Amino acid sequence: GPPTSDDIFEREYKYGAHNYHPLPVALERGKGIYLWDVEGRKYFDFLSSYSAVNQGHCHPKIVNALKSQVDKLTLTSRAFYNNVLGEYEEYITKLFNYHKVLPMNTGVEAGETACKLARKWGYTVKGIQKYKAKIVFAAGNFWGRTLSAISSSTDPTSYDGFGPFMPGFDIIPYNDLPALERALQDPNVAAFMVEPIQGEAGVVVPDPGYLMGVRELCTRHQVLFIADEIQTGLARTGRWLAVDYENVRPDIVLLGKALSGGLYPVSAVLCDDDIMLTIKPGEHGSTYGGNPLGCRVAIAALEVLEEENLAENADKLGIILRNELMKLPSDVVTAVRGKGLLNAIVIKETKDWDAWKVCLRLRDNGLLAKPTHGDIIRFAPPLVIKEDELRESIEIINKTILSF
């Protein structure tokens, strides 16, 4: 017979690294908003692989894009040209109104690329002496697990024990314009990198006007505004970019995770020529960056986001979701926050009770979510969810919370 859930757990424990402690559920199929485990049980996906499957699992248009391109060509390396890359580049740059895109594979690779662009621009355009350029980050940031990315983290689990750290990364509080204004007095600062809503930190939504203020301060002090929209972009918050809510144009925009609908690791760095062209041929790249297969998949995923109006659905259904979540009692759920379909609730963590046990019971009742701190539970279903499906899942959430 084929392996049970427990066989799957045990096998991973024996042969795989222990860098994760996942929710004990062994999934097998995903379609749209749904996931099935090896026993056949059906669940709503309320994690969406951290927004990588905004389009729902195995969206048939993106699946067909993958299938059509793999029968053909998948990787030439950028030592030669392929056809697909230029088409995808024109598409995405015109969609987001930037001169150019630099293609990479994973989100952290886009972050690293942004850091390199900011430093190169700082030395060659702003005139900072090599190698005094600084980049400012917001406490609570998460942008990956490289040595550089954990060097900007304030989370000890990300950086503790991981050797000496990248210099030139400063940290200020999130949602704090006076602190940014103070940091940007140093002319050696080249950039400020920030998430428009902090995902991994617990869906931390900054105050209205924060993004506008960030843009104003960055412009005033000749500092690049890098917006990490790898989790908040591509309709998840109800707009193409979360920064669109304040009509703010960052200098560099990072995209990832739903850029492919979960079918391929595709990431993008968007900016104008006076920043992008600071990097000359041979000075940056990636083996799989810009390969034809991922490019086809990304064109298809962006087209799915546009043609199915998923940002508007995210907006309206997130309004419904937060309104319903706020009816849970204050004695158990101390906070409800989010934008569009990126939301979270905060648990009145006792020790009779916590976010992990809540997610276990939610799995028991047919809905999959995972906590991000122990009192924070993220709710982020695929943007293809319909209102009746959302209301049934909300019913599951109510049943689970009021089970305790």
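Start at 1 with the first residue shown and count on from there. Basically, rigid core = biggest C-alpha set you can superpose within 1.5 Å across the two forms.
Comparing 349 to 357 with 60 to 68 by root mean square Cα distance to the shown form in 8 other deposited structures of this protein, with the rigid core used for the fit, gives 349 to 357 as the more displaced stretch.
If you average the C-alpha B-factors over 267 to 275 and over 80 to 88, the higher value belongs to 80 to 88.
Higher mean CA temperature factor between 15 to 23 and 382 to 390: 382 to 390, per the PDB entry. When the C-alpha B-factors of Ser330, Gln129, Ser158, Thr287 are ranked from the entry, the top spot goes to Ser330. The maximum CA B-factor among the listed residues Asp186, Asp251, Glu109, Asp71, taken from the PDB record, is found at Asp71.
In this PDB entry, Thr93 carries a Cα temperature factor that places it within the middle third of its chain's modelled residues. Compared with the other modelled residues of the chain, the Cα B-factor recorded for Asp315 ranks in the middle third. Ranked by Cα temperature factor within the chain, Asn141 sits in the lowest third according to the deposited record. Among the modelled residues of its chain, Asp176 has a C-alpha B-factor that falls in the lowest third according to the deposited record. Annotation for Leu293: C-alpha temperature factor in the middle third relative to the rest of the modelled chain, per the entry.
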